[PDB]
Amino acid sequence: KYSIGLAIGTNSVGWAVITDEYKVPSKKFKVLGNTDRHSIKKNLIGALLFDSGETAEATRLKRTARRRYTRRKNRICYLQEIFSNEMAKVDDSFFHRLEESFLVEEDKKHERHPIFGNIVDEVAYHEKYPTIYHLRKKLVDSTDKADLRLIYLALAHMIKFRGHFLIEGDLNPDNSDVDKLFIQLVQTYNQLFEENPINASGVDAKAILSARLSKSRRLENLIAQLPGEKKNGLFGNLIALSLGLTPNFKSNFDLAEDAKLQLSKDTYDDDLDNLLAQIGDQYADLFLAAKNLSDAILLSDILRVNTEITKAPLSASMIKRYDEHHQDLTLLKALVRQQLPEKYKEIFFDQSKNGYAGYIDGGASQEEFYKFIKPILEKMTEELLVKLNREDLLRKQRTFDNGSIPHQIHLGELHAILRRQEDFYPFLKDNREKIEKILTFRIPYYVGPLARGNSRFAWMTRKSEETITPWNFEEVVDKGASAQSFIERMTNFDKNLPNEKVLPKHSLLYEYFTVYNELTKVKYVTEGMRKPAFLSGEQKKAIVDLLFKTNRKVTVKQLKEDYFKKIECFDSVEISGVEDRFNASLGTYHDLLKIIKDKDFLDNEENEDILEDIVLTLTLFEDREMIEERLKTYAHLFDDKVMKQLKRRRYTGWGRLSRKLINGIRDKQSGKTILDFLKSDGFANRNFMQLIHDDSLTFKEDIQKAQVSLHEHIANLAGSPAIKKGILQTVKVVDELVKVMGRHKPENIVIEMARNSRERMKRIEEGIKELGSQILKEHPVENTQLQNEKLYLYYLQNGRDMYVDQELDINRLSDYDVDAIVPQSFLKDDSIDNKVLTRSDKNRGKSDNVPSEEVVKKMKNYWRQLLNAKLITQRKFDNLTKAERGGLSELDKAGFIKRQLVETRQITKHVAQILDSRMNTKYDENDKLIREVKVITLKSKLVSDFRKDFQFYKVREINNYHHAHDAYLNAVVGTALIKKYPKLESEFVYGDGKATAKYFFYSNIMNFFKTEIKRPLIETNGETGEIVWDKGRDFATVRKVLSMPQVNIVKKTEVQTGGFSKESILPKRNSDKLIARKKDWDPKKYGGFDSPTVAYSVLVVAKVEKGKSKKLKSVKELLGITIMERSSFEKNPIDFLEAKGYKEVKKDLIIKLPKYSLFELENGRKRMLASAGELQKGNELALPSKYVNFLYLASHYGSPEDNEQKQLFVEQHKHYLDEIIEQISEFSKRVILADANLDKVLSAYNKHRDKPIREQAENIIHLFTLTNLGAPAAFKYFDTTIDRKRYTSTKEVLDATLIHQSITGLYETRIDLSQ
RNA sequence: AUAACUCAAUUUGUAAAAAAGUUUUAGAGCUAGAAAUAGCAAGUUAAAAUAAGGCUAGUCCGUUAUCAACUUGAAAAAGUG
DNA sequence: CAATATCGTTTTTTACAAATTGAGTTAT
DNA sequence: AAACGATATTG
């Protein structure tokens, strides 16, 4: 009877139904409602359109913040309860006056002045401590009893903005010694390098190093004062290290191995060892003197103050900003009074402008302020331009860059103060430790929410049932159980033994397994032997003992040279399981050898269980203390020093397989586990896959007896949730396409699926740094410039030709080429991973393969550097060099040309497996599946070529029909292919010398559609002789369907979700639009929110009052039920509406009208709801095919003959231009009703009738955005911007007819809103 | 087409933290003038909220997914041409 | 009532598991 | 990152 074609997209599912002649049936569907019609004819073609599914990411970030906010509230709430009793004596109303600081005087309960509750004290406080940092410093330094209130403020400010937790352990501020500490580096160097000492030279390390520039410059500046020493010289890189940077010590010391050290990465103790153990331990006291100068200079850029003057150098640093800002602003006033007085009001009164007023009172950033007076200053000062570059000019203390500041330095003052004032307040002494905890304490990430079983999100497990707090957390939260659950709730079960947890990737047993499985198919021959042979049991264990347990990685060259030669005495050997080196390696054995320094223990086979628990622990837990905790049992087996280093050794990653599978389950026969068979299987050297599939053994069936919704099922898949929206809708479409054919399943279903600025500047910034290249500090760029492919590429290649070797010219990009590495005529990859910039695609070598071996030779060296500079990926590097493995074999070639029309994407196959198992559900007599329906899958190239080649052209911007057209051409091409070539079923249909013919064949698979290349009019399958294509009638019946104007389009109506409103918190204003940020906060006094999201409009017919007397008038209107209001409304719709003003509401006439709800009006004009307030265009323009194809060609400047018979088609049919405008205008005037817009278009067209046919078509294609279904949008007719006519009312709809559609549009229910 | 491993890149989902930003109030503006309006001085800080809120009352939850109509359902979802 | 213009919270860091794509080894 | 629905402003 029939087949179904689908096109699955993120915003659309197009569908078609086709009969055996490739025709698409029409049919009469019932039409429900209260209308004149009881039926309608509908062609079974259409498309569902829908807004994108969104990721949970924004939802998550909002969520994680919501919680940061409720918890910083409880921090202050902890602090305040401690203070309550002694503060209820100094000042009854203090913690209240704070609470209501936000209220206008009128709504206040206590005195307006928060701190002291009168004007004279409050005024005085502000005079003495302009900023809270003034108060922080005094409270830390001073010894005087201080006011409980001024103490409680300093403390809360520290707790309420406690800075970051990115450093572990304790930070101690101690500069002062920087000059002596630098001269200890220069001394404890010149000891070692006796020959060529560095002149300490009274060089000002102090200033150069604690200057306010970058690290990478403070370095240049410091080797600038050192004569005849390079910034890459040994002392050069030490200084980079002392400064916090990541330098590379390799070329100094002649190493083959990279030696980079970041003092404040957690592997520094292990990397320095790896170096020192290579260069000698007589260099320990050089990475020592560079650590000493590091601890005095770590926090330069935050501190800016000699810590000899104050235990409070962070606040002092801030008071410094204050004084400077004051000093500099006094001076900047004076200077403007003298020199540019006309412009003074502007700078200092005007908040509109980014003057000092716009800085302070407006909304102007430091950046925008600094951008405004750069000019003014130099047109006038010398010192202020110094400060503006440094970004140090009229600084505020609360700023975007305080993200540096660790919780440790604020804990610093927080501590100082308590110590100071516990001398006077007994309760600050008794509670000093509670209060540092509030600053200090932080729920560990591996615990998560502190839920009591109303958190979907939560997993932590309670050691008790009390309330958790920063002080009782250890004793009430079972942190270990939680830490474990954090990881184990996310890890895979062994798919094979689903009861069993996958082992740690780095499990000693796991690695043994991984090596054996790979060592059991290593073959080898000598000269003497008749055939290549597997390894013997005995051999493996000797290979494993001598090679795997002394080298991290074992080479084939080690195998030949180190085992065979020196244990077998073969001068020759030919190995056949591995290449170059062994994929598997006992990574963990050597980790543990280097640490437990006892070979005999790791081998000893009774230690197995323990060492498998040590690694599990090293993997489950990344908290070093908890690791210590877990490892405690075994303290007795290895020295103090050896536990200190086991705990630091952490692992991540999980296996794919369990312990039971590998070395647990036995063969009944053998009493041998898998690992036993890998370790020795005699003459057969069976491998895991095999072992699990050979019926000679117990294993396959020990496994088989261990095995096991739709919406749930689709959401559990792996891909964008955007495409998973398509997937559901495509299925739901298919079930209505089945219902519509009277519950008859198709013979066939055909599915095809479809496929910035910041991340690029970091890829280059980082790239060029590591490369030691001047190109940035020589042609600065910005984030948004690198969206130019050619510019991006130029910079990713160090301004250098990828195929030649020679600078390129930033000013000649437009003359050079973006060549594809593996050519575009194999791989339709057009990403950075397959593109290169070069002065011509020529220099590549052959058009017909990877870049030549000549080129690979010359360039390889550079490609490596770019690879090492993360300026090319491994994928790109590997393609680039592939010519030096014979490049593209005539079978790799064939490989890709099949890949071009065969879907390999996992997600598409998931789609097919679902549709198959849903269509095919009945079993035969021998009890295998009866496959009633074939699920064909197609790449999107087939139907695009098919469209190019027979001139069924597509132009997306005309209307939404092409989604449906593609799905029809998918059912057509799809069913034809597997009619003509039933053997391609193995490749396209879901379920269970030669290379050049595979190519030529797949290359040409689609020929049977054509009459010449000479093929017969009628095409047939040679075996069954069934008809597959009648070139004399079938191309005609395609052209019919394409030209068919009534195609079923349908926007998915959708209840809106997300933010209540816009986020912006607006000044006060009289306006019923404004929304209360909290119940008591009338926005007429406090400001608040505008722009709520309508979750859905709702038709109210009721009565409202009118005029002084409260005469009931009668109304029918659309009321927008906002997202906030939604839960209220649904709980009691009448009550909600009554309180809005409505009366005698007719509850049975209440229509939910989601976004997009459809309305047909007067001349088949349609509108779709956007809001209770604004309508969208609801009509499609059915442009004739002749005009579509005209517009394709015209706009598009085969070969010369056809690219001429189709250019002479354009010139001959130029009447089509005026005809196409005539079309848009009969439509626009019937349905769009944008008089002035239509008339600027008519005008716009007429002026440009004098311009090439190509140009005039490119821009008629833009005119369709006047006529496009959905929200109006701006477009240009040439240089004529035509702003959007919008429908800013929903009244006209209120007596129109509501159309309620099925997903397919086929079934309807039209209601005639005249009631 | 599947399975283990290797190397790289990506995607999805979760938790813990940070800095700003905004909004009201507080930080006595001053000297003229009846008045509207001038001149000058000031400005860097702070409290609080940061989805309204919710009952389950947790140092929890609140912006993802899912949604034609009619009948049936809490619901998912079924029945309906 | 209709044309036109303005508007939209931003950014950091740490820890982790899972698919998937695609170059390679070994296998059903 | 737009796009498009909410606002104010404006004619």
# chains A, B, ... in the order shown; residues from 1 in each chain; ligands from 1
>>> interface_residues(of="chain A", to="chain D", cutoff="9 Å", atoms="only C-alpha atoms (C1' of nucleotides)", output="PyMOL selection string")
chain A and resi 1073+1090-1093+1170-1171+1173-1174+1271-1273
>>> interface_residues(of="chain B", to="chain A", cutoff="6 Å", atoms="only C-alpha atoms (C1' of nucleotides)", output="PyMOL selection string")
chain B and resi 6+8+15-16+18-20+22-27+44-45+47-48+58-60+63-64+68-69+81
>>> write_last_selection(atoms="C-alpha atoms (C1' of nucleotides)", output="PDB file, in the first residue's frame")
ATOM      1  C1'   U B   6      45.071   3.203  22.928  1.00  0.00           C
ATOM      2  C1'   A B   8      42.910  12.994  20.649  1.00  0.00           C
ATOM      3  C1'   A B  15      27.791  19.464  42.662  1.00  0.00           C
ATOM      4  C1'   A B  16      30.836  23.215  45.475  1.00  0.00           C
ATOM      5  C1'   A B  18      33.979  33.554  43.727  1.00  0.00           C
ATOM      6  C1'   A B  19      33.865  38.731  41.757  1.00  0.00           C
ATOM      7  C1'   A B  20      30.843  42.229  39.923  1.00  0.00           C
ATOM      8  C1'   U B  22      21.384  46.150  39.472  1.00  0.00           C
ATOM      9  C1'   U B  23      17.493  48.026  43.047  1.00  0.00           C
ATOM     10  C1'   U B  24      15.794  51.078  47.920  1.00  0.00           C
ATOM     11  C1'   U B  25      17.762  53.217  52.229  1.00  0.00           C
ATOM     12  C1'   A B  26      22.137  55.485  55.056  1.00  0.00           C
ATOM     13  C1'   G B  27      26.594  58.721  54.297  1.00  0.00           C
ATOM     14  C1'   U B  44      35.352  55.573  45.880  1.00  0.00           C
ATOM     15  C1'   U B  45      31.642  52.896  51.249  1.00  0.00           C
ATOM     16  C1'   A B  47      22.788  47.403  54.843  1.00  0.00           C
ATOM     17  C1'   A B  48      19.459  44.503  52.189  1.00  0.00           C
ATOM     18  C1'   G B  58      15.646  20.725  54.421  1.00  0.00           C
ATOM     19  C1'   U B  59      21.741  25.338  55.603  1.00  0.00           C
ATOM     20  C1'   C B  60      15.543  21.749  50.881  1.00  0.00           C
ATOM     21  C1'   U B  63      13.770  28.980  34.734  1.00  0.00           C
ATOM     22  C1'   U B  64      15.434  21.406  31.522  1.00  0.00           C
ATOM     23  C1'   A B  68      -4.014  20.321  19.373  1.00  0.00           C
ATOM     24  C1'   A B  69      -9.345  19.407  20.441  1.00  0.00           C
ATOM     25  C1'   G B  81     -12.494  10.888  12.483  1.00  0.00           C
TER      26        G B  81
END
>>> residues_around(residues="residue 872 in chain A", least_positions_apart="5", cutoff="8 Å", atoms="only C-alpha atoms (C1' of nucleotides)", output="JSON, numbers by chain")
{"A": [796, 833, 863, 866, 867, 877]}
>>> write_last_selection(atoms="N, CA and C atoms", output="short mmCIF file (atom, residue, chain, number, x, y, z; two decimals), in the first residue's frame")
data_model
loop_
_atom_site.label_atom_id
_atom_site.label_comp_id
_atom_site.auth_asym_id
_atom_site.auth_seq_id
_atom_site.Cartn_x
_atom_site.Cartn_y
_atom_site.Cartn_z
N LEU A 796 46.40 30.87 13.47
CA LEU A 796 46.60 29.48 13.95
C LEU A 796 47.84 28.89 13.27
N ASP A 833 39.61 21.51 11.58
CA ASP A 833 40.36 20.24 11.65
C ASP A 833 40.70 19.70 10.25
N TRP A 863 54.44 21.46 11.68
CA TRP A 863 53.13 20.88 12.09
C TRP A 863 53.22 20.40 13.54
N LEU A 866 53.02 23.52 16.01
CA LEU A 866 51.58 23.87 16.04
C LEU A 866 50.81 22.82 16.84
N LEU A 867 51.11 21.54 16.63
CA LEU A 867 50.49 20.44 17.41
C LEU A 867 50.79 20.67 18.90
N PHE A 877 46.85 17.06 12.61
CA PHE A 877 48.28 16.67 12.45
C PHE A 877 48.40 15.32 11.74
#
>>> interface_residues(of="chain C", to="chain A", cutoff="6 Å", atoms="only C-alpha atoms (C1' of nucleotides)", output="number ranges by chain")
C: 17, 19, 25, 27
>>> write_last_selection(atoms="C-alpha atoms (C1' of nucleotides)", output="PDB file, in the first residue's frame")
ATOM      1  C1'  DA C  17      30.685  10.491  35.433  1.00  0.00           C
ATOM      2  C1'  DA C  19      28.318   9.048  25.142  1.00  0.00           C
ATOM      3  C1'  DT C  25      45.521  -2.964  17.750  1.00  0.00           C
ATOM      4  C1'  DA C  27      38.423 -10.149  18.090  1.00  0.00           C
TER       5       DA C  27
END
>>> select_by_dssp(residues="range 34-202 of chain A", states="alpha helix (DSSP H)", output="PyMOL selection string")
chain A and resi 57-90+94-99+119-128+132-141+148-160+178-192
>>> residues_around(residues="range 560-573 of chain A", least_positions_apart="3", cutoff="6 Å", atoms="only C-alpha atoms (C1' of nucleotides)", output="list in words")
residues 525, 526 and 557 of chain A
>>> select_by_dssp(residues="range 1027-1202 of chain A", states="strand (DSSP E or B)", output="PyMOL selection string")
chain A and resi 1027-1030+1048-1051+1054+1061+1066+1075+1088-1089+1092+1094-1106+1111-1122+1143+1152-1153+1155+1158-1160+1166-1169+1175-1177
>>> write_last_selection(atoms="N, CA and C atoms", output="short mmCIF file (atom, residue, chain, number, x, y, z; two decimals), in the first residue's frame")
data_model
loop_
_atom_site.label_atom_id
_atom_site.label_comp_id
_atom_site.auth_asym_id
_atom_site.auth_seq_id
_atom_site.Cartn_x
_atom_site.Cartn_y
_atom_site.Cartn_z
N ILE A 1027 9.31 -2.98 -11.45
CA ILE A 1027 9.56 -1.61 -12.00
C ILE A 1027 9.99 -0.67 -10.86
N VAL A 1028 10.98 0.19 -11.11
CA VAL A 1028 11.58 1.03 -10.03
C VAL A 1028 11.57 2.51 -10.40
N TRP A 1029 11.17 2.89 -11.61
CA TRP A 1029 11.33 4.28 -12.13
C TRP A 1029 10.95 4.37 -13.63
N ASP A 1030 9.91 5.14 -13.93
CA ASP A 1030 9.39 5.39 -15.31
C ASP A 1030 9.74 6.83 -15.68
N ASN A 1048 0.59 20.64 4.55
CA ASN A 1048 0.14 20.77 5.95
C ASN A 1048 1.25 21.28 6.86
N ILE A 1049 1.37 22.59 7.05
CA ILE A 1049 2.36 23.13 8.02
C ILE A 1049 1.70 23.32 9.39
N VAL A 1050 2.46 23.19 10.47
CA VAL A 1050 1.85 23.20 11.83
C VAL A 1050 2.91 23.64 12.82
N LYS A 1051 2.76 24.82 13.44
CA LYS A 1051 3.66 25.23 14.54
C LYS A 1051 3.16 24.56 15.80
N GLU A 1054 2.76 25.75 22.32
CA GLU A 1054 3.69 25.48 23.45
C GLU A 1054 3.43 26.47 24.60
N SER A 1061 10.19 36.86 34.19
CA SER A 1061 10.20 38.17 33.50
C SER A 1061 11.59 38.47 33.00
N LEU A 1066 14.42 47.66 37.74
CA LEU A 1066 14.30 49.02 37.15
C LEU A 1066 14.08 50.04 38.26
N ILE A 1075 6.67 45.11 38.49
CA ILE A 1075 6.32 43.92 39.31
C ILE A 1075 7.15 43.92 40.59
N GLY A 1088 11.43 47.59 40.49
CA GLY A 1088 11.23 46.14 40.34
C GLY A 1088 11.34 45.71 38.90
N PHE A 1089 10.51 44.73 38.51
CA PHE A 1089 10.60 43.98 37.21
C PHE A 1089 9.50 44.49 36.24
N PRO A 1092 6.96 40.45 32.15
CA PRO A 1092 6.75 39.05 32.47
C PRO A 1092 6.61 38.24 31.19
N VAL A 1094 4.27 35.62 29.56
CA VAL A 1094 2.95 34.94 29.46
C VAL A 1094 3.21 33.47 29.20
N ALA A 1095 2.73 32.63 30.10
CA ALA A 1095 2.84 31.16 30.01
C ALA A 1095 1.78 30.64 29.06
N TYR A 1096 0.68 31.39 28.97
CA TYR A 1096 -0.41 31.20 27.99
C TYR A 1096 -1.50 32.24 28.23
N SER A 1097 -2.06 32.71 27.13
CA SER A 1097 -3.29 33.53 27.12
C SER A 1097 -4.52 32.63 27.41
N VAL A 1098 -5.66 33.22 27.77
CA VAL A 1098 -6.88 32.53 28.27
C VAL A 1098 -8.05 33.43 27.90
N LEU A 1099 -9.08 32.89 27.25
CA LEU A 1099 -10.24 33.70 26.78
C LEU A 1099 -11.19 33.86 27.96
N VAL A 1100 -11.42 35.11 28.35
CA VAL A 1100 -12.40 35.46 29.42
C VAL A 1100 -13.57 36.16 28.74
N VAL A 1101 -14.74 35.56 28.87
CA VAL A 1101 -16.02 36.29 28.69
C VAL A 1101 -16.69 36.36 30.07
N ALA A 1102 -16.87 37.58 30.57
CA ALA A 1102 -17.49 37.89 31.87
C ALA A 1102 -18.09 39.30 31.80
N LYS A 1103 -18.29 39.93 32.95
CA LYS A 1103 -18.64 41.38 33.05
C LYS A 1103 -17.59 42.08 33.93
N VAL A 1104 -17.25 43.34 33.61
CA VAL A 1104 -16.48 44.25 34.50
C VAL A 1104 -17.30 45.52 34.82
N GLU A 1105 -16.91 46.25 35.88
CA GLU A 1105 -17.54 47.52 36.29
C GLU A 1105 -17.03 48.61 35.35
N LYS A 1106 -17.82 49.68 35.16
CA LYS A 1106 -17.47 50.85 34.32
C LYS A 1106 -18.01 52.13 34.96
N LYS A 1111 -21.81 50.16 37.17
CA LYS A 1111 -22.61 49.53 36.08
C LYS A 1111 -21.78 48.38 35.52
N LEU A 1112 -22.32 47.16 35.53
CA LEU A 1112 -21.65 46.01 34.88
C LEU A 1112 -21.82 46.17 33.36
N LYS A 1113 -20.71 46.34 32.64
CA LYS A 1113 -20.54 46.12 31.17
C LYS A 1113 -20.17 44.65 30.95
N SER A 1114 -20.28 44.16 29.71
CA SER A 1114 -19.94 42.77 29.28
C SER A 1114 -18.64 42.80 28.46
N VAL A 1115 -17.71 41.88 28.70
CA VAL A 1115 -16.41 41.88 27.96
C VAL A 1115 -16.16 40.48 27.42
N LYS A 1116 -15.42 40.43 26.30
CA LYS A 1116 -14.69 39.24 25.79
C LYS A 1116 -13.29 39.70 25.42
N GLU A 1117 -12.26 39.20 26.08
CA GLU A 1117 -10.87 39.59 25.75
C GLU A 1117 -9.91 38.47 26.13
N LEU A 1118 -8.70 38.58 25.60
CA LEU A 1118 -7.58 37.69 25.95
C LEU A 1118 -6.82 38.28 27.13
N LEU A 1119 -6.84 37.58 28.26
CA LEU A 1119 -6.00 37.89 29.44
C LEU A 1119 -4.75 37.00 29.44
N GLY A 1120 -3.54 37.57 29.40
CA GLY A 1120 -2.27 36.82 29.52
C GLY A 1120 -1.99 36.33 30.93
N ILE A 1121 -2.10 35.01 31.20
CA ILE A 1121 -1.73 34.38 32.50
C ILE A 1121 -0.21 34.21 32.56
N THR A 1122 0.51 35.08 33.27
CA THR A 1122 2.00 35.04 33.31
C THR A 1122 2.50 33.79 34.05
N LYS A 1143 -16.18 39.54 36.55
CA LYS A 1143 -17.40 39.23 37.33
C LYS A 1143 -18.37 38.42 36.47
N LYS A 1152 -7.86 27.71 27.12
CA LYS A 1152 -6.38 27.84 27.15
C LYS A 1152 -5.92 28.08 25.71
N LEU A 1153 -5.09 29.09 25.50
CA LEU A 1153 -4.60 29.45 24.16
C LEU A 1153 -3.11 29.60 24.32
N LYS A 1155 0.94 29.72 23.23
CA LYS A 1155 1.67 30.43 22.17
C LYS A 1155 1.52 29.63 20.88
N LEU A 1158 -3.92 29.02 16.59
CA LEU A 1158 -4.09 29.48 15.18
C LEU A 1158 -5.46 30.14 15.06
N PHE A 1159 -5.63 31.10 14.16
CA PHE A 1159 -6.96 31.71 13.90
C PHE A 1159 -7.08 32.05 12.42
N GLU A 1160 -8.11 31.49 11.79
CA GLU A 1160 -8.42 31.85 10.39
C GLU A 1160 -9.42 32.99 10.50
N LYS A 1166 -4.66 34.25 8.22
CA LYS A 1166 -4.44 33.52 9.48
C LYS A 1166 -3.45 34.31 10.35
N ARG A 1167 -3.72 34.30 11.63
CA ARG A 1167 -2.78 34.79 12.64
C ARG A 1167 -2.54 33.66 13.63
N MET A 1168 -1.34 33.69 14.20
CA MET A 1168 -0.94 32.83 15.34
C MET A 1168 -0.70 33.74 16.53
N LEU A 1169 -1.21 33.36 17.70
CA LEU A 1169 -0.96 34.03 19.01
C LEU A 1169 0.55 34.13 19.29
N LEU A 1175 0.19 39.36 17.71
CA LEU A 1175 -0.08 38.19 16.81
C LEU A 1175 1.10 38.00 15.86
N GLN A 1176 1.30 36.77 15.40
CA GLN A 1176 2.25 36.45 14.31
C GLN A 1176 1.47 36.11 13.03
N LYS A 1177 2.14 36.38 11.91
CA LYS A 1177 1.80 35.86 10.56
C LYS A 1177 1.58 34.34 10.64
#
>>> residues_around(residues="residue 41 in chain B", least_positions_apart="3", cutoff="12 Å", atoms="only C-alpha atoms (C1' of nucleotides)", output="PyMOL selection string")
(chain A and resi 330+333+348) or (chain B and resi 29-31)
>>> atom_distance(atom1="CA of residue 1141 in chain A", atom2="CA of residue 1084 in chain A")
21.2 Å
